Structures are given as C-alpha cells and as structure tokens.
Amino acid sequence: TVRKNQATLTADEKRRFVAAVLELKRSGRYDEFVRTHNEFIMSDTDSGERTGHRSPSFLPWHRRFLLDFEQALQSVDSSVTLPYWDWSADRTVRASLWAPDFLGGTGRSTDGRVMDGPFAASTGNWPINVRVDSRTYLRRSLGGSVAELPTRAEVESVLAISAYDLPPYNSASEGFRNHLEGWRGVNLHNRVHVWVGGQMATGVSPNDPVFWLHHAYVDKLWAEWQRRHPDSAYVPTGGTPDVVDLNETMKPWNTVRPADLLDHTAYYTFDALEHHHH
C-alpha cells in the first residue's frame, strides 16, 4: 500500500477515493468511525484514563484508527489508499485539495455550509448523522478561526525534538508527541483542525473526509521523526497508570499495542520518506 501526497493524485485516483468514501457512508460504516472517534476524544482526560488523545498513544491510536478506515476503503475498492495532506505546503484555500473534484471548498459565510464537491449537503450523499447539534450539513470555514496553517520551519522545529514524550504524559508534556499534537508550542495538529473549522474543529471531526488526510500527514510526521531520531522510541515503557505503555494493549481493539504500530512499513509505505541522515 503506498500513501501518496493528495496533491499528486491523478484524476482517476481522486474519483476512486471519493467513490469508496461515499460507499462507506451509504452503507452506514463511515458513521461508526465518527462515533468511535468522538467517544474517545470525549473520554480521554488529562487527569484520568487517556488513550486516543493528550497522551503518548495519540500517535499509535490514530495510526491504527486510520488503518481500520483504509482497510474499509479497500474492501470497497482495493486500489484505494489514504492520501495525506501536507498542510505546510498546500496552505491556501486555492489548493487542489479543496477543488470540487476532490473535497470541495470552504463553507459559505452565512451558515458555514460547504456548497461544492462530492460531500456538499446538496448532493444528498453526505448527511451529517453523528453530531453534537441539529445541523446535518458539512461545514467548514478555512482559515476562519486561526489565520495560518503551520509552516515547514515550524514542523522542522517539532521534528528536532528528541524525546518521544515525557512525564506527565498529557497535554502539559514537553516532548515530540505533545508538540506534534499541538497542546504546547507552535501547535501543529490541533491548529489544523481549528483552521478547517466546521465539524473538523469538533469531537465529530471525522465527519469531514479531510480528517483522514490530516491524520495521514500527522502519521507521516511521526515516521519522519523516527528517521530523524533512530535512537529514540515510544515511552513510557511500563507500569504507568492511566497511560498506554509500549507493550500494553489499546482500546477499542484490545488486541494491539503501541509496540505493534511503531513501524509503519509493516502496513504501508509513503511515496517519499527520507532515510536517516545528518
């Protein structure tokens, strides 16, 4: 499986990705991914049990969640893989990502409603069912609540951090995981959710198909970090209350540990990922 930069997809690959996503939505499977994500993000707390977010397992948890979703896409069309969105490069509302043949654009000013692309409410093909309010249409406000996406220099500053994570292993931590997640520092992953706006800024953020492309690039940045720091690895490594240690299993699957997810190449490769170098 090769995960490709969204910007590089051919017209046929965009067509096939969209159709596979819309079939998962039609069959009812897509909405259960939205529901799983919301359940974890609402229960992951800095003071108690935390698995999907605000914790070292943020990265392997979203890696496995994306694998589940990619396998579901491949059950519809085996040629489809998840593309990634490098938001440090494709950083304007004009990126081809947001064209009507791919994800559609920003929402209109009155109600945030997305008006074009395959996921616009008017198509009849993208009802928002798993939701926190009455509105049943996809919404976005690109660049509305925060002015800029992260830049490559900001990403590079995070990639230079050597420790994977640090006690207290939550949103207060120093270290790579929390800077990538974005609760401390120049803020990578959380700020992109805020920049898209609409459902992408909420617990039910997988309602927007860009969710997957955002997290596939977050996942690629973990892979880049490992290449940069072959000497650093997941922590903690055992007996940490409320936190998933390296060899502990993760909910909801229960049968996989962070240790099983550190090496992405067991499951997919990227179109480009530099080897370790100095």
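The first residue of the sequence shown is number 1, and the count goes up from there. Between two forms, the rigid core is the largest collection of C-alphas that superpose within 1.5 Å.
In a rigid core superposition of the other structures in 9 other deposited structures of this protein, 156-164 and 126-134 differ in how far their CA atoms stray, and the farther one is 126-134. In this entry, 152-160 has the higher mean Cα B-factor, the comparison being between 135-143 and 152-160. In this entry, 44-52 shows the higher mean Cα temperature factor of the pair 44-52 and 61-69.
Taking only the listed residues 34, 233, 221, 213, the entry reports the highest CA temperature factor at 233. Highest CA B-factor among the listed residues (207, 125, 178, 92): 92. Ranked against the other modelled residues of its chain, the C-alpha B-factor of residue 186 as given in the entry falls in the highest third. Compared with the other modelled residues of the chain, the Cα B-factor recorded for residue 266 ranks in the highest third. Residue 103: CA B factor lies in the middle third for its chain, per the PDB record. For residue 167, the recorded CA temperature factor ranks within the highest third of the chain's modelled residues. When the modelled residues of the chain are ordered by C-alpha B-factor, residue 115 sits in the middle third.
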